[PDB]
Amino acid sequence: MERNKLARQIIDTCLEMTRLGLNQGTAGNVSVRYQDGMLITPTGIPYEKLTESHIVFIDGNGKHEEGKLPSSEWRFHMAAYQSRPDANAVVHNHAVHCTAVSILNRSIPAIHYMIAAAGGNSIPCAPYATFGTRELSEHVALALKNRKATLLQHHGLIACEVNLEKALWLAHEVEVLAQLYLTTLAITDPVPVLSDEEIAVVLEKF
């Protein structure tokens, strides 16, 4: 839990997301719980030009260290850590399939047993609100209360876990589930799902 060791992982995660096809462009942001606040990527700086010195610290009051501009979405990373006290890392990206399902404004159902990875029998979709807005924060906070990941209507995906690699794994897993959903939904509607009872069993085995 050294600011320097955290900064390095944060950039790695951004690089890994681009590497996995879960994000590209100036989209996305990542943070880790640090001290009273968190360490978060800065607004609009390409993952390729990022360095530990660019990572920003925001305290419990929302005070970011001077001369640095935190991610426009810092408020919903805030709400994420408050909604999920068990979570130490938040990952946000505009992954293609997760984003398309969010344009459709649909929760992703129990089409695969791995859905249980997000903590339940669905991946919810949170109502739209202007990006970097406080109202957007209320929407995600509410969605993450009982799920580890949530889609953002007309926006993207946000997943959080105990650490960055488990947070990245989860976000990656949701891109797979979102892709399985879009592919089968184009051929059939509704797409077959496992029953809630079955999901209960799978959650027991997890």
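Numbers follow the displayed sequence, beginning with 1.
The deposited model assigns a higher average Cα B-factor to 41-49 than to the other stretch when 156-164 and 41-49 are compared. Mean CA B-factor, 53-61 versus 147-155: the higher value falls on 53-61. Remark: of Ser31, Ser137, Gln179, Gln35, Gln35 shows the highest value [criterion: C-alpha B-factor in the PDB entry].
In the deposited entry, the Cα temperature factor of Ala7 places it in the highest third of its chain's modelled residues. In the deposited entry, the Cα temperature factor of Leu194 sits in the bottom third of values across the chain's modelled residues. In the PDB entry, a CA B factor belonging to the highest third of its chain's modelled residues is recorded for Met1. In the PDB entry, a CA B factor belonging to the highest third of its chain's modelled residues is recorded for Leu69.
When the CA B factors of the chain's modelled residues are split into thirds, the value for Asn93 lands in the lowest one.
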